[PDB]
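As a starting point, one isolated chain is supplied in structure tokens, in the form deposited in one PDB entry.
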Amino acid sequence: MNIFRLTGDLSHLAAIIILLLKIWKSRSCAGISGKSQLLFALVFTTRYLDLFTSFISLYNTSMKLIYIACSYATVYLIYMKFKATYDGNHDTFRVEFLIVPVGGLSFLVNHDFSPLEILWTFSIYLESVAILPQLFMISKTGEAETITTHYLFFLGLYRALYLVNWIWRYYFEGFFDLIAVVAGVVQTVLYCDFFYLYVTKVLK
């Protein structure tokens, strides 16, 4: 079938592009957690490290490049171009209690102890908790001027379609990745709290 994972990825990319364009065209990153964007850039770097190694397709290599370039550009806009609007005093999450336990968890709990599997397991675990600095920022201030409704919609459609993908592959193909599913549920629950804080604190 492979329709839910594709539309899920395209919805994920749309969210990334919307945020990058929002920061660029509004000339501000007010309300954005630079630490979460740094974690997302690290997710794509560790997952797509076999970019120039391992050529499979031109859609495959270019899409990996699009995600990396957009994630690095968003980090560039937050910490270099429009750093005057970066609320560092509110982006106070100590990401050491994320990277270090996620790193230890990837060495402990994985499907196979090999450098490529550990690296993939790291990026899976990290992506599930990468939004935490953003969550703690909005919970602290009640604000997210740069976070738009369409940005959150495509993030939510990305999580919903991945959920459909898990169910479809399990029932029709017998496939299930317990690590990816458990981490994906954690990520989806965290995104729902992300959506809950924005609707309750930022909107009204």
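Throughout, we count residues from 1 along the sequence that is shown. The term rigid core refers to the most C-alpha atoms you can superpose between the two forms while keeping them within 1.5 Å.
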38 to 46 versus 58 to 66 - which carries the larger mean C-alpha B factor in the record: 58 to 66
Residue stretch of maximal mean CA temperature factor, 186 to 194 vs 19 to 27: 19 to 27
From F52, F154, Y171, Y162, residue of greatest CA B-factor: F52
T121 - Cα temperature factor, lowest/middle/highest third of chain: lowest
Within-chain third of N89 by Cα B-factor, per the entry: highest
Where the record places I131 (Cα B-factor, split into thirds across the chain): lowest
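Below, we turn to the form deposited in another entry, even though it does not appear here.
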Exceeds or equals 2 Å, Cα of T146 between the shown form and the other one, core fit: yes
Rigid core fit then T61 CA moved by 2 Å or more between the shown form and the other one: yes
C-alpha of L51 off by 2 Å or more between the shown form and the other one on rigid core: yes
Comparison of CA distance in that other deposited form with shown form for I138, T149, at least 3 Å: closer
Direction of C-alpha distance change in that other deposited form, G88 to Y198 (at least 3 Å): farther
